[PDB]
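Coordinate inspection notes
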There are 4 protein chains.
Amino acid sequence: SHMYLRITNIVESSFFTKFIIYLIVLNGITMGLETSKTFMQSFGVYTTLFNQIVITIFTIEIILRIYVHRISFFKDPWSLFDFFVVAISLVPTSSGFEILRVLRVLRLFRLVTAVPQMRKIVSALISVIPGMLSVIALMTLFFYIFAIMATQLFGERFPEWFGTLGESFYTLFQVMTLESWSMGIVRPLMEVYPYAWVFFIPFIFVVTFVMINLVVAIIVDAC
Amino acid sequence: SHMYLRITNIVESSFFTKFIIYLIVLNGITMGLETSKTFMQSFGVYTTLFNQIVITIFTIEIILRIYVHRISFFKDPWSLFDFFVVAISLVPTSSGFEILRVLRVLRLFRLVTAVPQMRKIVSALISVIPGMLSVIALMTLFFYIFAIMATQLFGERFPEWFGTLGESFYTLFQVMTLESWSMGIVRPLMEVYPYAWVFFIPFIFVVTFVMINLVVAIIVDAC
Amino acid sequence: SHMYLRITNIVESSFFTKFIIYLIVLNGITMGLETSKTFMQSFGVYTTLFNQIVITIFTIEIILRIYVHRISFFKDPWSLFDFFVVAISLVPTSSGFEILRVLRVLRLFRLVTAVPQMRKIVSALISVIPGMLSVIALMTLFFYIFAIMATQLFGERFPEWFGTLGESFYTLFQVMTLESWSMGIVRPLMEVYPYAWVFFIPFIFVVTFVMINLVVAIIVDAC
Amino acid sequence: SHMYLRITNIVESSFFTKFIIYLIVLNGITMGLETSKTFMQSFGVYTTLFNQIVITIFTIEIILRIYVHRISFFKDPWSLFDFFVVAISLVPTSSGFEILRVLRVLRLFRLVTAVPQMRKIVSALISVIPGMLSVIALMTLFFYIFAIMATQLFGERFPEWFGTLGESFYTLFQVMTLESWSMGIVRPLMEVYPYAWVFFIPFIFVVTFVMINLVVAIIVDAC
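Going by the header, the method for this PDB entry is X-ray crystallography, and the resolution given is 2.95 Å.

1. Notes on the domain arrangement of chain A
Where interface size is given, it is often the accessible area lost as the parts come together that is meant. All names here are of chain A. Taken as a whole, chain A is organised into domain 1 (1-116) and domain 2 (117-223). Contacts between the two partners involve 7 residues from domain 1, matched on the other side by 5 residues from domain 2. Note on domain 1 versus domain 2: buried area summed over both sides is about 570 Å², and carbon and sulfur give 64% of it. Interface area lost by domain 1 to domain 2 is led by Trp 78, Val 112 and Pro 116, which between them contribute 77%. Counting across the interface, domain 1 meets domain 2 through 0 salt bridges.

2. A short note on the relation of the copies chain B and chain A
The operation relating chain B to chain A is a screw motion whose rotation component is 90 degrees, with 0.0 Å of axial translation and a residual RMSD of 0.2 Å. Those values place the two copies in the arrangement expected of a four-fold rotation axis. Within chain B, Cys 223 of chain B has its C-alpha nearest the rotation axis, a separation of 3.4 Å. Comparing interface residues between copies, only 11% of those in chain B also lie at the interface in chain A; the contact surfaces differ.

3. A few points about the interface of chain B and chain A
In this complex, chain B contributes 37 residues to the contact, which on the side of chain A involves 37 residues. For the chain B and chain A pair, buried surface summed over both sides reaches about 3,000 Å², with 79% attributable to carbon and sulfur atoms. For the side of chain B that touches chain A, the elements supplying multiple residues, two or more each, are α2 (14-33), α5 (99-102), α6 (110-113), α7 (118-128), α9 (159-162), α10 (165-176), α11 (181-190) and α12 (197-222) of chain B. A total of 5 residues in the side of chain B that touches chain A trace back to one element, the largest contributor, which is α7 of chain B. Grouping the constituent residues of the side of chain B that touches chain A by class yields 26 nonpolar, 8 polar and 3 charged.

4. What to know about unusual backbone geometry
Keep in mind that most residues, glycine aside, have a negative phi and that most peptide bonds are trans. Residue and element names in this part refer to chain D. Look at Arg 70: it is not a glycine, yet its phi comes out positive at around 60 degrees. Following the sequence through the fold, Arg 70 ends up in the loop between α3 (37-69) and α4 (77-88). At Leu 178, a position not held by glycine, the phi torsion is positive, near 70 degrees. Along the chain, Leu 178 turns up in the loop between α10 (165-176) and α11 (181-190). Its relative accessible area of 25% is what places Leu 178 among the partly exposed residues.

5. Details of a nonpolar patch on the surface
Together, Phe 15, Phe 19, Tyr 22 and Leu 26 of chain A line one region of the surface with nonpolar side chains, adding up to about 420 Å² of accessible area. Residue placement: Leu 26 of chain A occurs in helix α2 (residues 14-33).

6. Some points on the environment of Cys 223 of chain A
Here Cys 223 of chain A shows up in the segment after α13 (196-222). Other than its neighbours up to four places away in sequence, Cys 223 of chain A contacts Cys 223 of chain B together with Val 220 and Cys 223 of chain D.

7. Let's talk about the nonpolar core
In this structure, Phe 200 of chain A, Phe 200 of chain B, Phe 200 of chain C together with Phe 200 of chain D are the most contacted members of the largest nonpolar core, which totals 222 residues. Leaving out residues up to four positions away in the same chain, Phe 200 of chain B has contacts with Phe 154, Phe 162, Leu 172, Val 175, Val 186 and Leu 189 of chain B. Counting 8 residues, the second-largest nonpolar core is a separate cluster that includes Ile 24, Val 54, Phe 58 and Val 86 of chain B.

How each quantity is defined
- Residues numbered from 1 in each chain as written, not as in the entry; some residues may be left out.
- Chains lettered and ligands numbered in written order.
- Heavy atoms only, no water.
- Domains from an automatic or database assignment.
- Contact = heavy atoms within 4.5 Å.
- Buried area = accessible area lost by both parts, 1.4 Å probe.
- Salt bridge = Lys/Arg side-chain N within 4 Å of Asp/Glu carboxyl O.
- Least-squares fit on C-alpha atoms.
- Helix = DSSP H or I, 4+ residues; strand = E, 2+ residues; numbered from the N terminus.
- Nonpolar A, V, L, I, M, F, W, Y, C, P; charged D, E, K, R; others polar.
- Buried < 20%, exposed > 50% of the residue type's maximum accessible area, 1.4 Å probe, protein only.
- Patch = residues over 30% accessible without salt bridge, like charges linked within 9 Å, V, L, I, M, F, W, Y side chains within 5 Å.
- Areas by Shrake-Rupley, 256 points an atom, 1.4 Å probe, with all protein chains shown as cover.
- Core = buried A, V, L, I, M, F, W, Y, C linked by side-chain atoms within 4.5 Å.

Below, the structure written as structure tokens:
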């Protein structure tokens, strides 16, 4: 435990944290810049290397933290995130699709993990998630039922919006958000199915009512 | 109570319920695939056969439950649903409209009945319904008053959106959801009726205020 | 007080009320019908006379109520409404504009006055109005300030939406409701005024924040 | 305290305040008319003259208040506003941009300062601001992360909406307000990026959930 505690002193050290938070904010500022074609035609490679540096440093740091915690680590939501967020950043710039190449910017999310209050907020938000799964389940069931009916009621003449179980899923979500649901979807639809309003108005009521209730439940049970 | 009790311990059995819930999730998955033209051609008839089976099994099951409960059953909302939902699934594939054929997917709602907690949610939600009928009535009255005025104020030059008492009902509901209410309806309407904004702004106010007051009456009462 | 109390017995009588509520619902049903060109080409005049009858009866009834209450009447919000709602219905079908001819249907609103619970609801809703005048004032001030700035910043090149203090008032309200504020108004506007987003985003924040607060105040102060 | 106290009893006087509030509502009305080209031509110069007068009077008044308070004044938010608001009104009509010329109508905001209750409202509102900076920070971080990813995922083929870190910022805010988010942006985007819905639906979820959780944290804490 000499080398160990010698490390634990660095890892648990203040300098360490602040230093990582420093690279987060420094790297974060560099990715908004590496966004400019112009800037990349100047300080282009600079930013590229600096990004390679930061990631190395972050791998070292992720390793050091594994020593000091080991099993305790792979049971920490926050460390697990930082783990997978750096691994993605590790996948070679080439091969497969550029998703990984873009998901890379997900590292700036470590400024939520590497900073309390942010952790508190995020924790507080998520705390509610579990209490809504009963409703979130009821909803997804509802959506599935209707998406199926819409695919087989309008997918024929309106393939763009309902030709597929998934196309219907997307359209029904757009209707839920109320986004041009009438001018954009139901009016056109009615030019062929005069009673389509019988399918959609009720759908907008249930989904709305639930959403509203879902919130009134949270507010109400507390105070 | 010889044959009766034999029937009851089965109907009232754990196996029974779970077996019914299993057919729900199986038929449910099957109707999702039955949505695919490809699968329709590559695994169709079997799916068609499976559906007929499920419904048969459900009729047997619905009968067994009326034995074990009789008059108790017809007074249970949850069973009444399961009743009418399977009945709809009974009407022959042909004849009349295909809605009865598309309405069958409504059986997947038995998973709300056959599963507690789901029952609780749906119960919790509906519990509020009656506590809003006063407002829901006031609103519907409001809508009727305005739908009539708009039909006779704009239906002449704007048949599509207000030519009928019901077309006005639809448009006013769209205005309530605030969907394209200005670019879509009022701006165009004003190209002919410069003061039309005198009709719609107040309407959007009343309807909005009431909606909000409605939700505020709900959570406030809780704390 | 013999003839008087003899009247007061009729006016305060149950039969009376129910009888007026009967004509309300009967007349209300007739105005939704008198909405159909077809129906008016059949039972056309019938409905016309029946509407004349109802209004006469309502004038008698309004007179009888003045006797029984006198000064107490012109201090009753509900009676005052019924008063002005019938007077409008009294103005000759001809002369001036058809507004009066259409405002006529405002009488069906007497089913809110002529029925408790409806009265309660409406009373409960309005109860809050006075407590929001401080905010409603702040808002209108805000709107006036911005409507002025927008008229003089965009009315030049965008006269349809801001060429007038009032055109700007309408557009700013549409922006508040968030109705195609971006695609419809700001994007187009930015094709000429690159920083227009500096005027509108802040406007959407203030207006939104306030609206939200305005409600959180109500909810919160109670329980 | 000879000249000082003479100055104070005037500045601290009822007359003074009311006189200032009177000029606000007068100048306020005047700027509404100054909005009319007709009035501009039919009553213009007088209006122009009146405005110069008002501002002079307000400078005198702003000076008198710094005497009576001195260092106390510069530490008062309400007076600081009135200060900077009149200063802007001082910059010569010409030179630079006309914004300083349009920003003058911001003086009508002194009616929020010069009138209590208005001060209270604005104070009550702002009181909450600090109690949300944790979330407002988390959100802005979120927006930055996504604005960067979208600029490099769609800015190439969709310059208008995502070609710049800031164009993406604008579009993502529009998506947040849910304005044309589907018909307007995602549907079109999918014509090239079929999985783009994987980016936007989750974004609309996080942003929505947080917004709601935000308002729920506010009223709950109150009861």
